[PDB]
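Undergrad: What follows is a single structure, and I will ask about it in a moment.
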Amino acid sequence: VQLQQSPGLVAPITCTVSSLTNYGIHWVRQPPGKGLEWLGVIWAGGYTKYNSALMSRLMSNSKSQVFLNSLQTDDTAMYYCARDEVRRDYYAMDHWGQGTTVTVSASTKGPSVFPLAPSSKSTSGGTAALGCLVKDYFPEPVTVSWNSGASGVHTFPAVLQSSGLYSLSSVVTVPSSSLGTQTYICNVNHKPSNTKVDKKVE
Amino acid sequence: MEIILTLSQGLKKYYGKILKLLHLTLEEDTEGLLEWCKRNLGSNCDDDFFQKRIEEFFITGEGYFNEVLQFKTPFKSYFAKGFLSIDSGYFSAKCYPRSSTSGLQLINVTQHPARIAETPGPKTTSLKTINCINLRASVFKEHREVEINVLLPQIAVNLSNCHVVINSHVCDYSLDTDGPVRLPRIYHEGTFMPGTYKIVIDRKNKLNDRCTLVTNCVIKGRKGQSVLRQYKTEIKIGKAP
Amino acid sequence: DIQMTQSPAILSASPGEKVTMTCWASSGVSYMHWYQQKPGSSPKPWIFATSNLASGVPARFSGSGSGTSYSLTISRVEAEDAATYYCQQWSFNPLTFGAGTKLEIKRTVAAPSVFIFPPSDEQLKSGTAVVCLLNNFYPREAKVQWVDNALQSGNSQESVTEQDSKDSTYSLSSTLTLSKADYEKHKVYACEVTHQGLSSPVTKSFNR
Ligand SMILES: *[C@@H]1O[C@H](CO)[C@@H](O[C@@H]2O[C@H](CO)[C@@H](O)[C@H](O)[C@H]2NC(C)=O)[C@H](O)[C@H]1NC(C)=O
Ligand SMILES: *[C@@H]1O[C@H](CO)[C@@H](O[C@@H]2O[C@H](CO)[C@@H](O)[C@H](O)[C@H]2NC(C)=O)[C@H](O)[C@H]1NC(C)=O
């Protein structure tokens, strides 16, 4: 059984698990640039241990729940919940939630979603490109899926524009005579604004 | 600057601290045990906790028990009964939980009696001389082993250049350390030590050739008589001739 | 405080080759464990207590080493093994991770398929205004150059996929933005792609 965490924004957090009475729970972050900092652990009995670099600024169940000051921009990271399997070797965090991206910065923009319309060259007969352009979002990432899960999907990294807003593109390769038959809708989710847009692509 | 302890390492240090409280070892290694406790056991590991665990194991022993010496009618493997292998890595001990009879096996001692008067005696004492009130000598020439059952645990029997295994109703273990034989001491409204222990020595080894036991042999004592007596002795096990 | 240095940081191997990568500790440790992370998703535990594979991990993976120096070895390189691998060690208290090893698949050269998308009318209707896509190509190195036989230096934002899990190719998008009536001041738009997989530079274009 896998663990799942609650994205957000804070000024200059919850982990849902599925037993807190038996297992220590750990915190992990990744500063953008694939790095990693160990932060702390809460064991089943409630005792705590902290990383001395946090300067005791930071953590504390009945329904299988785990709960998280003077925040800095260095603390922008993907945050992972994780848990110890005790044996003759310790730590061994084997199940990790997906993580929540935290950006330390007062702006918010929901994304605009634009069609990337097909009609290119056809090698042998099953070659076509299609897409959606996801722009204007300043917050933590957007997720894109195609036809509610329906292969061939490439979702680019977001780029920070000079406005301070992000943009990315997602594409799929398909044939084309059948493109007009089975129909295409891209499903885009931005949690920081509660925006869900499903866009037909011409 | 800091050390994290594994399951086995923490258990062995736990056992070492328990052994130090039993007055069986003169040293212990207790680094990383507080966090090992707060990480596996979930509770603080101060002297009160250990004293209570010793109390519950050796007295008030009632039902099943895990390797950490906690009873109940990671560590959720409670076994039936019989013995526990208390091994710290530096010193091992085979300890027996309380049985319906452990009570009377156990003398008190919290207030030792008077020093018994002294008598001149010979220190050139061989093994076959058994007129002690405090001693008992058995020889198994069939397996070439020597057993020295003692009846007065309070009188000390310091061994020299020897390697023995001492048996008792509280804990069996082996000694090679020169000096006083170290006996378990439980604290429960006072200090309780076993009533009698047996010291087995393998003669047919080569390890106890130069073994000498120095103790105080007690001999029975008018005008009130009933005097108890005490004389030093050098009991040798030397199988040289 | 206890720094873990893994080597090499970047490595490539042809499919089916044996690979090995090291993790070095400033101070000796009892054991090393290794976690596999594959781009854009949650880390996966891969090898723990020096050499025990996590369940599901194929037998082509192995770990070894002692003291300060530990290794990870692959008897057969697989396409799914492109990924970053991180060591972390016990007996610290300040627990610490290595920086990771990114493992790429050195596959055959493959030429990009190239597609161009004009802005959607909804983009033209906003106050702001073309995408060139290169799909399923190798190697990663590519040159996309952008208008009426001209080209601007400013703008032209690039974005690259990670290596595909199955075929080990890359994809790249380039987006020319910030041209309101500027888009309308020119008629023909083209992207020119240079790649070592192409006989001649390939240009794709449209009119309007
Ligand atoms: C061991 O024998 C003594 C006999 O004097 C018992 O009496 C204890 O004496 C100490 C020291 O004066 C007191 O602190 C205890 O409270 C006494 N125990 C009582 C009154 O029950 C002693 O109890 C015996 N040991 C045990 C464990 O019973
Ligand atoms: C066994 O060793 C002990 C420990 O040294 C001896 O006990 C000492 O005896 C002398 C003589 O009365 C005292 O002055 C010391 O104070 C005792 N030691 C301690 C630590 O108090 C004991 O005498 C030895 N056994 C024999 C038979 O000599």
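Ordering of the structure tokens sets the chain letters (A, B, ...); residue numbers start at 1 within each chain; ligands are numbered from 1 in the order shown.
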For the contact check between chain A and chain C, emit one row per residue of chain A within 8 Å, containing the shortest atom pair and the distance in Å rounded to one decimal, counting only C-alpha atoms, chain then rising number order, as a Markdown table.
TA:
| residue | atom | partner | partner_atom | distance |
| --- | --- | --- | --- | --- |
| A:34 | CA | C:99 | CA | 7.7 |
| A:35 | CA | C:99 | CA | 6.2 |
| A:36 | CA | C:97 | CA | 6.4 |
| A:37 | CA | C:96 | CA | 6.9 |
| A:38 | CA | C:95 | CA | 6.0 |
| A:51 | CA | C:94 | CA | 5.8 |
| A:52 | CA | C:94 | CA | 7.6 |
| A:80 | CA | C:42 | CA | 7.9 |
| A:89 | CA | C:49 | CA | 5.9 |
| A:90 | CA | C:90 | CA | 7.3 |
| A:91 | CA | C:90 | CA | 7.5 |
| A:92 | CA | C:48 | CA | 6.4 |
| A:93 | CA | C:45 | CA | 6.9 |
| A:94 | CA | C:45 | CA | 5.3 |
| A:95 | CA | C:44 | CA | 7.5 |
| A:96 | CA | C:42 | CA | 6.7 |
| A:97 | CA | C:42 | CA | 6.8 |
| A:98 | CA | C:42 | CA | 5.1 |
| A:99 | CA | C:42 | CA | 7.0 |
| A:114 | CA | C:120 | CA | 6.4 |
| A:115 | CA | C:120 | CA | 5.9 |
| A:116 | CA | C:117 | CA | 6.0 |
| A:117 | CA | C:117 | CA | 6.5 |
| A:118 | CA | C:117 | CA | 7.3 |
| A:120 | CA | C:115 | CA | 6.3 |
| A:129 | CA | C:115 | CA | 6.9 |
| A:154 | CA | C:161 | CA | 6.9 |
| A:155 | CA | C:161 | CA | 7.0 |
| A:156 | CA | C:161 | CA | 5.4 |
| A:157 | CA | C:159 | CA | 6.3 |
| A:158 | CA | C:159 | CA | 7.7 |
| A:159 | CA | C:159 | CA | 7.2 |
| A:168 | CA | C:159 | CA | 8.0 |
| A:169 | CA | C:173 | CA | 7.5 |
Undergrad: Identify, on the basis of only C-alpha atoms, every residue whose closest approach to residue 32 of chain B does not exceed 10 Å; exclude the query and any residue fewer than 3 positions from it along the same chain; express the result as a ChimeraX atom specification.
TA: /B:2-6,9-10,13,29,35-37 /C:91
Undergrad: Please, what distance in Å, to one decimal, runs between atom 6 (C, counted along the ligand's line) of ligand 1 and atom CA of residue 187 of chain B?
TA: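 Computing it gives 12.6 Å between the two atoms.
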Undergrad: Which residues in segment 20-203 of chain C does DSSP call strand (DSSP E or B)? List them as a PyMOL selection string.
TA: chain C and resi 20-25+33-37+44-48+52-53+61-66+69-74+83-88+97+101-105+110+113-117+131-138+143-145+157-160+170-175+188-194+202-203
Undergrad: If you run DSSP on this backbone, which residues of segment 42-231 of chain B come out as alpha helix (DSSP H), and could you give them as a PDB file with N, CA, C and O atoms, in the first residue's frame?
TA:
ATOM      1  N   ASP B  47      17.869   4.938  34.513  1.00  0.00           N
ATOM      2  CA  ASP B  47      18.140   3.898  35.502  1.00  0.00           C
ATOM      3  C   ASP B  47      16.862   3.326  36.115  1.00  0.00           C
ATOM      4  O   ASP B  47      16.841   2.160  36.525  1.00  0.00           O
ATOM      5  N   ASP B  48      15.792   4.120  36.187  1.00  0.00           N
ATOM      6  CA  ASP B  48      14.532   3.624  36.733  1.00  0.00           C
ATOM      7  C   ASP B  48      13.935   2.550  35.827  1.00  0.00           C
ATOM      8  O   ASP B  48      13.497   1.495  36.304  1.00  0.00           O
ATOM      9  N   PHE B  49      13.917   2.801  34.513  1.00  0.00           N
ATOM     10  CA  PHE B  49      13.429   1.816  33.546  1.00  0.00           C
ATOM     11  C   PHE B  49      14.136   0.475  33.675  1.00  0.00           C
ATOM     12  O   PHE B  49      13.494  -0.582  33.734  1.00  0.00           O
ATOM     13  N   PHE B  50      15.467   0.499  33.697  1.00  0.00           N
ATOM     14  CA  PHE B  50      16.222  -0.741  33.796  1.00  0.00           C
ATOM     15  C   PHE B  50      15.935  -1.441  35.117  1.00  0.00           C
ATOM     16  O   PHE B  50      15.746  -2.660  35.148  1.00  0.00           O
ATOM     17  N   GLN B  51      15.971  -0.700  36.224  1.00  0.00           N
ATOM     18  CA  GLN B  51      15.687  -1.303  37.524  1.00  0.00           C
ATOM     19  C   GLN B  51      14.330  -1.993  37.510  1.00  0.00           C
ATOM     20  O   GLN B  51      14.191  -3.112  38.018  1.00  0.00           O
ATOM     21  N   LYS B  52      13.323  -1.348  36.915  1.00  0.00           N
ATOM     22  CA  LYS B  52      12.008  -1.972  36.818  1.00  0.00           C
ATOM     23  C   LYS B  52      12.031  -3.216  35.930  1.00  0.00           C
ATOM     24  O   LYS B  52      11.356  -4.204  36.231  1.00  0.00           O
ATOM     25  N   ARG B  53      12.789  -3.190  34.830  1.00  0.00           N
ATOM     26  CA  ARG B  53      12.866  -4.369  33.971  1.00  0.00           C
ATOM     27  C   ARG B  53      13.519  -5.540  34.693  1.00  0.00           C
ATOM     28  O   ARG B  53      13.046  -6.677  34.596  1.00  0.00           O
ATOM     29  N   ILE B  54      14.620  -5.281  35.401  1.00  0.00           N
ATOM     30  CA  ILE B  54      15.267  -6.317  36.210  1.00  0.00           C
ATOM     31  C   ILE B  54      14.284  -6.859  37.236  1.00  0.00           C
ATOM     32  O   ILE B  54      14.158  -8.081  37.430  1.00  0.00           O
ATOM     33  N   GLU B  55      13.566  -5.953  37.907  1.00  0.00           N
ATOM     34  CA  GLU B  55      12.597  -6.380  38.900  1.00  0.00           C
ATOM     35  C   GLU B  55      11.565  -7.299  38.276  1.00  0.00           C
ATOM     36  O   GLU B  55      11.302  -8.382  38.796  1.00  0.00           O
ATOM     37  N   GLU B  56      10.951  -6.863  37.175  1.00  0.00           N
ATOM     38  CA  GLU B  56       9.920  -7.655  36.508  1.00  0.00           C
ATOM     39  C   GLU B  56      10.424  -8.984  35.952  1.00  0.00           C
ATOM     40  O   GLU B  56       9.657  -9.950  35.884  1.00  0.00           O
ATOM     41  N   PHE B  57      11.683  -9.060  35.523  1.00  0.00           N
ATOM     42  CA  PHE B  57      12.149 -10.333  34.982  1.00  0.00           C
ATOM     43  C   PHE B  57      12.449 -11.334  36.094  1.00  0.00           C
ATOM     44  O   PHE B  57      11.982 -12.479  36.063  1.00  0.00           O
ATOM     45  N   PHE B  58      13.230 -10.914  37.088  1.00  0.00           N
ATOM     46  CA  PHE B  58      13.705 -11.816  38.135  1.00  0.00           C
ATOM     47  C   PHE B  58      12.692 -12.011  39.251  1.00  0.00           C
ATOM     48  O   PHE B  58      12.762 -13.023  39.951  1.00  0.00           O
ATOM     49  N   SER B 102      12.196 -19.528  42.959  1.00  0.00           N
ATOM     50  CA  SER B 102      13.209 -18.477  43.015  1.00  0.00           C
ATOM     51  C   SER B 102      13.192 -17.701  44.328  1.00  0.00           C
ATOM     52  O   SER B 102      14.250 -17.290  44.810  1.00  0.00           O
ATOM     53  N   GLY B 103      12.012 -17.508  44.918  1.00  0.00           N
ATOM     54  CA  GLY B 103      11.897 -16.759  46.155  1.00  0.00           C
ATOM     55  C   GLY B 103      12.802 -17.240  47.273  1.00  0.00           C
ATOM     56  O   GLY B 103      13.535 -16.444  47.867  1.00  0.00           O
ATOM     57  N   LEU B 104      12.775 -18.538  47.567  1.00  0.00           N
ATOM     58  CA  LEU B 104      13.548 -19.057  48.688  1.00  0.00           C
ATOM     59  C   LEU B 104      14.970 -19.421  48.304  1.00  0.00           C
ATOM     60  O   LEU B 104      15.814 -19.583  49.190  1.00  0.00           O
ATOM     61  N   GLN B 105      15.248 -19.555  47.008  1.00  0.00           N
ATOM     62  CA  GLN B 105      16.629 -19.645  46.550  1.00  0.00           C
ATOM     63  C   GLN B 105      17.413 -18.398  46.948  1.00  0.00           C
ATOM     64  O   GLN B 105      18.626 -18.462  47.154  1.00  0.00           O
TER      65      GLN B 105
END
Undergrad: Kindly compile the residues surrounding ligand 1 within 10 Å, counting only C-alpha atoms and all ligand atoms, and format them as a ChimeraX atom specification.
TA: /B:107-112,186-192
Undergrad: Can you write out the residues you just picked, keeping N, CA, C and O atoms, as a tab-separated table (two decimals), in the first residue's frame?
TA:
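Below is the file result.tsv, written as the result:
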chain	number	residue	atom	x	y	z
B	107	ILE	N	18.61	-15.10	49.03
B	107	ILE	CA	18.97	-14.65	50.37
B	107	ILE	C	18.81	-13.14	50.25
B	107	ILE	O	18.75	-12.61	49.13
B	108	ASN	N	18.78	-12.41	51.37
B	108	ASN	CA	18.65	-10.96	51.27
B	108	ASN	C	19.98	-10.22	51.27
B	108	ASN	O	20.33	-9.72	50.20
B	109	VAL	N	20.73	-10.10	52.38
B	109	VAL	CA	22.06	-9.46	52.38
B	109	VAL	C	22.06	-7.93	52.50
B	109	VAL	O	23.09	-7.36	52.89
B	110	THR	N	20.93	-7.24	52.23
B	110	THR	CA	20.93	-5.77	52.30
B	110	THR	C	21.65	-5.24	53.54
B	110	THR	O	22.20	-4.13	53.52
B	111	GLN	N	21.61	-6.01	54.63
B	111	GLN	CA	22.40	-5.78	55.84
B	111	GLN	C	23.15	-7.07	56.16
B	111	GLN	O	22.58	-8.00	56.75
B	112	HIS	N	24.42	-7.13	55.72
B	112	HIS	CA	25.32	-8.23	56.00
B	112	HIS	C	25.37	-8.49	57.50
B	112	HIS	O	25.06	-7.60	58.30
B	186	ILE	N	20.09	-8.34	42.39
B	186	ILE	CA	18.82	-7.74	41.99
B	186	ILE	C	18.39	-6.73	43.03
B	186	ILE	O	18.54	-6.97	44.24
B	187	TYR	N	17.85	-5.60	42.59
B	187	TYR	CA	17.37	-4.57	43.50
B	187	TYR	C	15.85	-4.54	43.44
B	187	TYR	O	15.27	-4.17	42.42
B	188	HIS	N	15.21	-4.93	44.55
B	188	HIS	CA	13.75	-4.89	44.64
B	188	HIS	C	13.44	-4.77	46.13
B	188	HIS	O	13.43	-5.77	46.85
B	189	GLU	N	13.21	-3.53	46.57
B	189	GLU	CA	13.05	-3.17	47.98
B	189	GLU	C	14.32	-3.53	48.77
B	189	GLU	O	14.31	-3.59	50.00
B	190	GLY	N	15.41	-3.75	48.05
B	190	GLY	CA	16.67	-4.18	48.60
B	190	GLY	C	17.45	-4.97	47.57
B	190	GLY	O	17.02	-5.17	46.44
B	191	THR	N	18.62	-5.46	48.00
B	191	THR	CA	19.53	-6.21	47.13
B	191	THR	C	19.40	-7.70	47.38
B	191	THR	O	19.62	-8.16	48.50
B	192	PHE	N	19.01	-8.46	46.36
B	192	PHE	CA	18.87	-9.91	46.44
B	192	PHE	C	19.91	-10.69	45.63
B	192	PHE	O	20.02	-10.49	44.41
Undergrad: Which residues are near ligand 2 - at most 6 Å, using only C-alpha atoms and all ligand atoms? Format: as a VMD selection string.
TA: chain B and resid 158 180 214 to 216 232
Undergrad: Between A:58, A:86, A:3, A:15, which one has atoms that come closest to chain B, using only C-alpha atoms?
TA: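 Selected residue with least distance to chain B: A:86.
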Undergrad: Which neighbours of residue 75 of chain C fall inside 10 Å, counting only C-alpha atoms, when residues of the same chain fewer than 4 positions from it are skipped, and could you give them as a list in words?
TA: residues 16, 17, 18, 19, 20, 59, 60, 61 and 62 of chain C
Undergrad: Atom CA of residue 65 of chain B to atom CA of residue 79 of chain B: how many Å, to one decimal?
TA: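 Separation of atom CA of residue 65 of chain B and atom CA of residue 79 of chain B: 5.7 Å.
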Undergrad: Produce a table with one row for each residue of chain A that has an atom at most 9 Å from any atom of chain B, each row naming the nearest atom pair and its distance in Å at one decimal; use only C-alpha atoms; arrange rows by chain and rising residue number; format as a Markdown table.
TA:
| residue | atom | partner | partner_atom | distance |
| --- | --- | --- | --- | --- |
| A:24 | CA | B:39 | CA | 7.9 |
| A:42 | CA | B:39 | CA | 8.8 |
| A:43 | CA | B:39 | CA | 6.1 |
| A:44 | CA | B:42 | CA | 6.9 |
| A:45 | CA | B:42 | CA | 4.8 |
| A:46 | CA | B:42 | CA | 7.7 |
| A:47 | CA | B:38 | CA | 6.5 |
| A:48 | CA | B:38 | CA | 8.8 |
| A:49 | CA | B:35 | CA | 8.9 |
| A:86 | CA | B:74 | CA | 6.5 |
| A:87 | CA | B:7 | CA | 6.4 |
| A:88 | CA | B:7 | CA | 5.4 |
| A:89 | CA | B:6 | CA | 6.2 |
| A:90 | CA | B:6 | CA | 6.4 |
Undergrad: Set the distance at 12 Å and use only C-alpha atoms: which residues neighbour segment 119-125 of chain B once local chain neighbours fewer than 3 positions away are removed? I'd like the list as a list in words.
TA: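 Returned residues: residues 116, 128, 129, 130, 131, 132, 212, 213, 214, 215, 216, 217, 218, 219, 220, 221, 227, 228, 229, 230, 231, 232, 233, 234, 235, 236 and 237 of chain B.
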Undergrad: Between A:142, A:128, A:113, A:25, single out the one closest to residue 85 of chain A, counting only C-alpha atoms.
TA: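 Going through A:142, A:128, A:113, A:25 one by one, the smallest distance to residue 85 of chain A is for A:25.
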Undergrad: Considering only C-alpha atoms, return as a PyMOL selection string whatever protein or nucleic-acid residues lie within 10 Å of residue 207 of chain C, sequence-local ones (same chain, fewer than 2 positions apart) excluded.
TA: chain C and resi 118+186-190+205
Undergrad: Can you list, as a VMD selection string, every protein, DNA or RNA residue that comes within 8 Å of residue 163 of chain B when you count only C-alpha atoms, leaving out same-chain residues fewer than 3 positions away?
TA: chain B and resid 174 to 177 201 207 to 208 211
Undergrad: With only C-alpha atoms as the basis for distance, which of C:68, C:27, C:14, C:52 is at the shortest distance from chain B?
TA: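 So, comparing all the options, the nearest one is C:27.
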